[PDB]
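Chemist: first portion of the complex, with coordinates as positioned in the assembly:
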Amino acid sequence: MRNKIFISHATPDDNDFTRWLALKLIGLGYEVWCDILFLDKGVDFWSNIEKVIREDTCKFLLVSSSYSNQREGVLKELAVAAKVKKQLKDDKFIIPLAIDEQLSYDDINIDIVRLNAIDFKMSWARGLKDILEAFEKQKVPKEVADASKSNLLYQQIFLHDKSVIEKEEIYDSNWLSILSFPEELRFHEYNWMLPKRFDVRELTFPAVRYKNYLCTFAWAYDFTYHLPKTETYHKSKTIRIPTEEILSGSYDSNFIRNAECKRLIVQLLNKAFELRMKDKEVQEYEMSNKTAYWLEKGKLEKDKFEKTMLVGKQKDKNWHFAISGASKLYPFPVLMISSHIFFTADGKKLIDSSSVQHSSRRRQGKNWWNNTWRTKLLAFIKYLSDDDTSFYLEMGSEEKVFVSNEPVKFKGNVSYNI
């Protein structure tokens, strides 16, 4: 039976590619004949090649290059292969292979110009894929041999099944858009009315002490309960700024700089977020740099808001989903949210061992994939919601900051599939 794949080529020049191709075809179970590695020493080589082409050659592979077009031996083997093609009545006998980019299609030998060639000029792997697909379609016999090495090599060459496809895709981030800001940022000069040795962090609405002015978006007399000396404050002493100009950056002078005015907005926003989380009755786990808010057991029905569970059971350790947020104004006005897992032994008291928490978090997160984090994140954020589209931060008795519960969506032109 004819089950050989003859490879005519330039044997002194095209030797390396021919060797690699023959080795790859042999590794795929395809029986291959080639002079460089299969021709026997001390034999009449032309008679042996004659026998191989006439009798045993299932398919003929002509390595076409600049040298291979016009030198005698390649042409002789091609002519014999053409005779065998006529004899077998197989239009697909000769499959020329082009490995020379310089080899223009105009100057190729006519006998193989008429035939279609397999592209090896740009890559030797796409060409191998094409050869294998043609051989499978044309039903060239292959002895399976290894059946594991060969199959995994076929998988490794056919690398090609997995590439980026052009398709629009929607992605969900963790950036909660800040929908609105209060109209004016007010710097009330309480001065002596404000005790110098006082904690501004304890004020109900958020307020930063800057020079002798109080940095806050709230109303002037909104802090009277904590500051009784401010009841006689004069509203004409405020230096209220057009917040939108601060966000643009247009406002700048000796009194405040753009960098140091937006930095005071971020701390105000973060403190308002913290105060809101205090309002929402969610327990907090003190971390190294940030603080994260985790939800108790029994506060919400079945410990599962919407269709997504937020607290589950693991050994004797109850795991809780928690988030930590921080406002940033450089790219956009946003409220970045980061996910965390914290563990309680009783559902009310957190484990005091940091190493235990780290190990348990790794154990629980070993199998939490993309939609196993995103769904919990969107469930927690929706649980923090006050309306159907956003939740507000209490920053003034009449001024509020509405942050959406819908994260900024992203859109890429490319995608993939399972």
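Modeler: Good, I have the coordinates. Residues are numbered from 1 along each chain as shown, chains lettered A, B, ... in the order given.

Chemist: hey, what's residue A:326 bridged with?
Modeler: residue A:336 (DSSP bridges).

Chemist: give me the neighbour count for it.
Modeler: 15 (other CB atoms under 10 Å). For every residue, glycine as well, the C-beta is placed using N, CA and C.

Chemist: likewise for residue A:328?
Modeler: If you count neighbours by other CB under 10 Å, residue A:328 ends up with 16.

Chemist: assess the claim that it and residue A:266 are in contact.
Modeler: Yes. The pair residue A:328 / residue A:266 is scored as a contact, 6.8 Å apart, by CB atoms under 8 Å.

Chemist: what about stretch A:160-172, distance to the chain center?
Modeler: 11 Å (CA atoms, centre = their mean, to the nearest Å).

Chemist: buried set for it?
Modeler: Residues residue A:172 are the ones in stretch A:160-172 that count as buried (16 or more other CB atoms under 10 Å).

Chemist: which residues touch that stretch?
Modeler: Where contact means CB atoms under 8 Å, 6 or more residues apart in numbering, the residues beyond stretch A:160-172 that reach it are A:125-126, A:129, A:374, A:378, A:407, A:409-417.

Chemist: measure that stretch end to end?
Modeler: Distance between the two ends of stretch A:160-172: 29 Å, counting by CA to CA, to the nearest Å.

Chemist: same deal with stretch A:346-359?
Modeler: 18 Å.

Chemist: go on, stretch A:281-297?
Modeler: Calculated as CA to CA, the first-to-last residue distance of stretch A:281-297 is 12 Å.

Chemist: tell me the buried residues in it?
Modeler: In stretch A:281-297, the ones that count as buried by 16+ other CB under 10 Å are A:282, A:283, A:284, A:285, A:292, A:293, A:294, A:295.

Chemist: one step back: by neighbours, which of the contacts of stretch A:160-172 wins?
Modeler: Note: the member of these with the most neighbours is residue A:407, at 21 neighbours, neighbours being other CB under 10 Å.

Chemist: residues contacting that one?
Modeler: Contacts for residue A:407 (CB under 8 Å, 6+ apart) come out as A:172, A:173, A:174, A:175, A:176, A:177, A:337, A:378, A:381.

Chemist: the same query, at a cut-off of 10 Å, please.
Modeler: Taking CB atoms under 10 Å, 6 or more residues apart in numbering as the contact definition, residue A:407 lies against A:171-177, A:334-337, A:374, A:377-378, A:381.

Chemist: for residue A:235, same thing?
Modeler: A:186, A:188, A:219, A:220, A:221.

Chemist: and then chain B:
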Amino acid sequence: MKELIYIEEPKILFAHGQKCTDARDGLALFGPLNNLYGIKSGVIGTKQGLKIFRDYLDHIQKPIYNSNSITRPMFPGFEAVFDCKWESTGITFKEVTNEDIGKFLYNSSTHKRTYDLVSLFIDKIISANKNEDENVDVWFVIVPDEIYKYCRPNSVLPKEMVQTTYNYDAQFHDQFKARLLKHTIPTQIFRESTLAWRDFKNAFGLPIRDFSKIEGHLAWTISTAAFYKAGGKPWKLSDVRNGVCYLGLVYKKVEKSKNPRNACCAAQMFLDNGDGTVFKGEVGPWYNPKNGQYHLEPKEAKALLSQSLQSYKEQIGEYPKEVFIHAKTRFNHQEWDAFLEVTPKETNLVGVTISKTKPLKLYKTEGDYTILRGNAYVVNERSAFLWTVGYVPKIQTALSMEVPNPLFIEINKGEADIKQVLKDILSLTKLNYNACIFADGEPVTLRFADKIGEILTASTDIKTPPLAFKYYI
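Modeler: To build on what is shown above, here is chain B added in:
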């Protein structure tokens, strides 16, 4: 809804001029760029420990199979891929007795213990290098695990085990690679567990470092590192334009000297006349006083940029046309002004700041897979995000484990095209010769600079360190 662009995957060049995005597949089909006739491996360690090295070398001689080959390609055997002879025959062995280790190991002081253990190995290695006829390309240091347990900072030797210089690091690996620098000896430190692990046993019965499913990738990462350390070039970048030097600056603290002294080290890659890549460290460590400055004084910045430009001109002939300095830290104007005198008028100097700190996490709507690797969000003409870590279909899974975070690439100084800047960092993430993975999550300049700094901040008496990565990774 905001735009999200995608950068074409960078390809790395192999033998026969062939290109492939992956490295394992590229080597498995085309092999390495240069031909090493053979690797003469010298082994230093116990008699018991040489058996495991011999067993693992014999193992990687044969093909290695992992459970899921689509994620991690099977290892076809060392000679099959590298066309290089790495046999267990001819391994020059040096005897490090267990008693000699126990004499030093059972010490209360961590620093003196580390110094004595490293001296024990380095003395024999130096004596072998100087006083023996055999030529060794790479010196494999098979080291036990109790030494690893009790020769690194914050390791407490149990009181029941206590039986019985500070100008060096308390870490074995860093000090080891630091003290051998003046001899220029390529080395590879191996734990005994990282080698044939199965004999390491826990209470429950399962192996501690289970690599049964990841045998092929373990062989891939060991073989590529050994081939690189022997002087082989596994692969090469193909998308790098002519006339570009890169540099990566990372600032490491130094504890031995009073004040951290903020040593700065750089890793440099450019192109050579031809097509070969020149990826060598550019380290003259320029120490920086103050505890948390992380910023270079004008004289030291001048020295750094000068030495970088001379290392380019003496190798190509002319000055670079555009330098793209990457760094984990943000430059202030002080270094840029100092830099600009050094750079001539023709050169375009660009400073880029890369960070992992930004908490942006893109979750896709449906499907338990993460964002495609290569997606980027260009915030503006000067700043961008790049998801260098993520799902890529060829490896069939995400390079991360949980949802990753992108690289905050910001062009702090210079002008630069942001798309072209993102076109190079993604290409940078492919030249990790210390590991045979699909890609790395951080550009190689900032990674190999980090390593070359972590090695040069452990020794007090280092002078004019070698610039080859063979001695560092």
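
Chemist: please re-evaluate the neighbour count of residue A:326 in the presence of chain B.
Modeler: 16 (other CB atoms under 10 Å in any protein chain shown).

Chemist: repeat that for the one 4 residues further on.
Modeler: By other CB under 10 Å, the residues close to residue A:330 number 12.

Chemist: so it belongs to a strand, correct?
Modeler: No. Applying DSSP: H, G, I helix; E, B strand; the rest coil, one finds residue A:330 to be coil, outside a strand.

Chemist: that one contacts residue B:379, correct?
Modeler: Yes. Contact status for residue A:330 versus residue B:379: in contact at 8.6 Å, counting by CB atoms under 10 Å.

Chemist: what do the two both touch?
Modeler: residue B:410 (CB atoms under 10 Å, 6 or more residues apart in numbering or on different chains).

Chemist: setting aside sequence neighbours, what's the nearest residue to residue B:296?
Modeler: In space, not counting the residues next to it along the chain, residue B:296 is nearest to residue B:335; the distance is 5.1 Å by CB to CB, 6 or more residues apart in numbering or on different chains.

Chemist: which SSE is that neighbour in?
Modeler: Here residue B:335, judged by DSSP states H and E, is contained in helix B:333-342.

Chemist: returning to that earlier point: identify the residues contacting the residue nearest to residue B:296.
Modeler: Contacts of residue B:335 by CB under 10 Å, 6+ apart are B:249, B:295-298, B:300-302, B:304-305, B:325, B:327, B:351, B:413.

Chemist: weed out the non-buried ones from the residues you listed.
Modeler: With burial judged by 16 or more other CB atoms under 10 Å in any protein chain shown, the buried subset of these is B:249, B:295-297, B:300-302, B:304-305, B:325, B:327, B:351, B:413.

Chemist: out of those, which are inside helices?
Modeler: Judged by DSSP state H, these include B:300, B:301, B:302, B:304, B:305 as members of helices.

Chemist: of those, closest to chain A?
Modeler: residue B:301 (24.8 Å; CB to the nearest CB).

Chemist: I'd guessed that closest one sits against residue B:338; true?
Modeler: Yes. Using CB under 10 Å, residue B:301 is in contact with residue B:338, at 4.3 Å.

Chemist: where does the stretch 51-200 of chain A get nearest to chain B, residue-wise?
Modeler: Chain B sits closest to residue A:162 of the stretch 51-200 of chain A, with a gap of 3.5 Å, by CB to the nearest CB.

Chemist: host element of the closest residue to residue B:364 other than its chain neighbours?
Modeler: Closest residue in space to residue B:364, ignoring its immediate chain neighbours: residue A:171 at 5.2 Å, by CB to CB, 6+ apart. Residue A:171 belongs to strand A:165-178 when elements are defined using DSSP H and E.

Chemist: go ahead and place DNA strand C:
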DNA sequence: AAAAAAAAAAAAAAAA
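Modeler: Adding DNA strand C to what we have so far:
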């Protein structure tokens, strides 16, 4: 002594 915006050192776990 706070704040936010920028920094490295180190151990721990899981899969590459």
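
Chemist: DNA strand C added, so what about the buried residues of stretch A:160-172 now?
Modeler: A:164, A:169, A:171, A:172.

Chemist: any idea how many residues pack against the residue in the stretch 51-200 of chain B positioned nearest to DNA strand C?
Modeler: The shortest separation between the stretch 51-200 of chain B and DNA strand C is 3.5 Å, found at residue B:154 (distances taken as CB to the nearest atom of the strand). Using other CB under 10 Å, residue B:154 has 6 neighbouring residues.

Chemist: what comes up buried for the lengthiest helix in chain A?
Modeler: Among the segments of chain A that qualify as a helix by DSSP H, the longest is helix A:258-279. By neighbour count with 16+ other CB under 10 Å, helix A:258-279 contains the buried residues A:261-262, A:264-265, A:268-277.

Chemist: what residues does the next helix or strand after that helix touch?
Modeler: Following helix A:258-279 in sequence order, the next helix or strand is strand A:283-286 (DSSP H and E). Strand A:283-286 is contacted from outside by A:274, A:277-278, A:291-296, A:299, A:320, A:322, A:324, A:340-344, A:348-351, A:357, using CB under 10 Å, 6+ apart.

Chemist: is the longest strand anywhere in chain A in proximity to chain B?
Modeler: Of all the segments of type strand in chain A, defined by DSSP state E, the longest one is strand A:400-415. Yes. Part of strand A:400-415 sits near chain B under the criterion CB under 10 Å from any CB of the partner chain, namely A:407, A:408, A:409, A:410, A:411, A:412, A:413, A:414, A:415.

Chemist: partners of the first one in the sheet?
Modeler: Right, the one you point to is residue A:407. For residue A:407, the beta-bridge partners under DSSP bridges are residue A:176.

Chemist: ditto for the fifth one
Modeler: Per DSSP bridges, residues listed as beta-bridge partners of residue A:411: residue A:170, residue B:3.

Chemist: does residue A:406 really touch residue A:177, like I thought?
Modeler: Yes. Contact between residue A:406 and residue A:177 holds when scored by CB under 10 Å: they sit 7.3 Å apart.

Chemist: circling back: just the CA trace of the helix holding residue B:335, in PDB.
Modeler: Taking Å, rounded to 0.1, in the frame of the first residue of the first chain, the C-alpha atoms of helix B:333-342 are listed here in PDB:
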ATOM      1  CA  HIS B 333      11.300  67.600  38.300                       C
ATOM      2  CA  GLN B 334      14.600  67.300  40.100                       C
ATOM      3  CA  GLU B 335      15.700  64.100  38.300                       C
ATOM      4  CA  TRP B 336      14.200  65.200  34.900                       C
ATOM      5  CA  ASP B 337      16.100  68.500  34.900                       C
ATOM      6  CA  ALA B 338      19.400  66.600  35.700                       C
ATOM      7  CA  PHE B 339      18.600  64.000  33.000                       C
ATOM      8  CA  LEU B 340      18.100  66.600  30.300                       C
ATOM      9  CA  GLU B 341      21.600  68.000  30.400                       C
ATOM     10  CA  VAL B 342      22.900  64.400  29.900                       C
END
